[PDB]
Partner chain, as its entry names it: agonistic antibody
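What follows is a single chain, given as structure tokens, in the form deposited without the partner chain.
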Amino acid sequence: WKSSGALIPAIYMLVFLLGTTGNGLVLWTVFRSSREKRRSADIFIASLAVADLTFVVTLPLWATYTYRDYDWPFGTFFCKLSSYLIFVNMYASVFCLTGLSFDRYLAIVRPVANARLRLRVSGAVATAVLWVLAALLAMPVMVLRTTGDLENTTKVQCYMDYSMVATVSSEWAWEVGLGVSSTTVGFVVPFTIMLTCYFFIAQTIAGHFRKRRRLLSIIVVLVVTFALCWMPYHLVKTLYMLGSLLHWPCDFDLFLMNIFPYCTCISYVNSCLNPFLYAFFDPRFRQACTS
């Protein structure tokens, strides 16, 4: 329903412009700051911004893909690269948010052991392992993503081919396994660990009941926005798989199919909303704007 014309391409283009500008500005803010002033959360913020930027560079290609009634003229390599960068964005962003939340748990709840942990492991090592893990986890996308003229309508569609590793019979198993693993690694387990960190933070903060509140408020706003922007996508995707497995009504399946593009759109919009969230809450980002 609601073919919507060019709403999705227009929103993709808008997110491209605003995400590029805002993420560049936030990178300028974080790198222009002194290394002495450079806080632990700054490296995670920078990595989050880099992930968003690497996604929004490919966003114009997705806008063109949508505008052309799903025809991909950029070839196989850029199909693989764009899908891979999408999943790298998702994984690295949720991992950076997890790192920020764990840092807040270390500081607010029990800073003494936080000092020892900071002595053992530096932030740069954490960022390195985070990015290599994200790249490794998104590798299946790059290996399996391909370019094909499905339905013999002279339209090229950038789709994941599971015939490279699985036959026709086990293609459903491979697709469901990859989807469930992607959900568990990008939403479920990171949200579980972040919720545990936030729960102990909430208990210790009941005991405490502004300096900690600055960082906690901005990070919780970031995490809640990430939740509201990615929960629709994971929910619709997992629900579609469970509907295929358990034979849910076809009306609900049609509803999920028609709402999937919009959920993907909001998941993409998160990248552009991150800088305005920094501007509204973080006083340093406002300082950079004035300075």
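Positions refer to the first chain, counted from 1.
FYI, the form solved in complex with the partner chain isn't displayed, but the following is about it.
For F260, a non-hydrogen atom is located within 4.5 Å of the partner chain in the deposited complex, even though that partner is not displayed. At least one heavy atom of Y159 is located within 4.5 Å of the partner chain in the deposited complex. Not displayed here, the partner chain is kept clear of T127 by more than 4.5 Å at the level of heavy atoms in the deposited complex.
Of the heavy atoms in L27, none are within 4.5 Å of the partner chain in the deposited complex. Partner contacts here mean any heavy atom within 4.5 Å of the partner chain in the deposited complex, and among 176-184, 190-198, 116-124, 95-103 they occur only in 176-184.
With the partner omitted from this view, the residue of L53, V236, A227, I266 that lies near the partner chain in the deposited complex is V236 [heavy atom within 4.5 Å]. Contact annotation: of the candidates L150, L136, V112, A206, the single residue with a non-hydrogen atom within 4.5 angstroms of the partner chain in the deposited complex is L150.
Contacts of stretch 207-222 with the partner chain in the deposited complex, defined by any heavy atom lying within 4.5 Å, are made by none of its residues.
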